[PDB]
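Single chain ahead, by itself, as structure tokens, in the form deposited in one PDB entry.
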């Protein structure tokens, strides 16, 4: 039941999503090994992801979390990169999209930094890079990320350099504790706590 609606670059909604993509790029401690070397993206397309059933699945769970947390869903817009972006937008997030080996346990991981999620487009650690050139830093091939609506509820704070949420919590927040420029990363343990709102198609751009 999924349909993808293209946003025009003139649409304020395109512009605000692009600006969150671009403004949350940072340098990574791997010097670009996983995600490539770039300071910015070439945004090719931004599509709104419309699926009534998946939306209602999300809002039902959101109300549950909200009622468990003094009427506060603690909803964020966060990035998600994955080899499975195309199954996600059709079938929703579930246990099969979880990073089993992630540092906060087997859950589904999201980033404030678009460049962090970009490191997972071709798999963990960038995998073997793009399908066509086997290049983790490919400047040619078209990549895709999701910009997702995520319900955090009461989030467990982890200071730091599917399973269940910690008892009494609905998510985990990975707070950066060494790299002062890194933004937070988050983990949910129920696929119903995220909705893939935007599909963004882009290239990373070679610095000049």
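Basically, rigid core = biggest C-alpha set you can superpose within 1.5 Å across the two forms. Numbering follows the first chain given and starts at 1.
J.: Looking at the other compared entries that model both neighbours, is residue 155 missing coordinates in at least a third of them?
T.: Per the records, residue 155 is modelled in all the other entries.
J.: Does the entry skip any residues of the deposited sequence between residue 161 and residue 162, and if so, is it 1 to 3, 4 to 9, or 10 or more, or none at all?
T.: Unresolved stretch here: 1 to 3 residues.
J.: Mean C-alpha B-factor higher for 7 to 15, or for 195 to 203?
T.: Per the deposited B-factors, the answer is 7 to 15.
J.: Higher average CA B factor in the deposited record is what I'm after, so tell me if that's 106 to 114 or 127 to 135.
T.: The stretch with the larger mean CA B-factor is 127 to 135.
J.: From 80, 76, 91, 72, pick the one with the largest CA B-factor in the entry?
T.: Going by the entry's C-alpha B-factors, 91 comes out highest.
J.: Just grab whichever of 143, 175, 28, 170 has the top CA B-factor as deposited.
T.: Max CA B-factor in the entry, restricted to 143, 175, 28, 170: 175.
J.: Using the B-factors in the PDB entry, rank residue 43's C-alpha atom against the chain and give the third, lowest, middle or highest.
T.: CA B-factor rank for residue 43: middle third.
J.: Would the CA B-factor of residue 33 place it in the lowest, middle or highest third of its chain?
T.: Middle third of the chain for residue 33's C-alpha B-factor.
J.: How does the C-alpha B factor of residue 50 compare with the rest of the chain: lowest, middle or highest third?
T.: Highest third.
J.: State the tercile, meaning the lowest, middle or highest third, of residue 155 with respect to the CA B-factors recorded for its chain.
T.: For residue 155, whose C-alpha B-factor we compare with every modelled residue in the chain, the answer is the lowest third.
The same protein also has a form deposited in another entry, omitted here; what follows describes it.
J.: If I align on the rigid core, exactly one of 183, 37, 43, 141 should have its C-alpha move by 2 Å or more between this form and the one not shown; which residue is that?
T.: If I go through the list carefully, the shifting residue is 183.
J.: Closer or farther: how do the Cα atoms of residue 181 and residue 187 compare in that other deposited form relative to this form, given a change of at least 3 Å?
T.: They are closer; the C-alpha distance drops by 3 Å or more in that other deposited form.
J.: Since the Cα separation of residue 123 and residue 181 moves by 3 Å or more in that other deposited form, tell me which way: closer or farther than here.
T.: They are closer; the C-alpha distance drops by 3 Å or more in that other deposited form.
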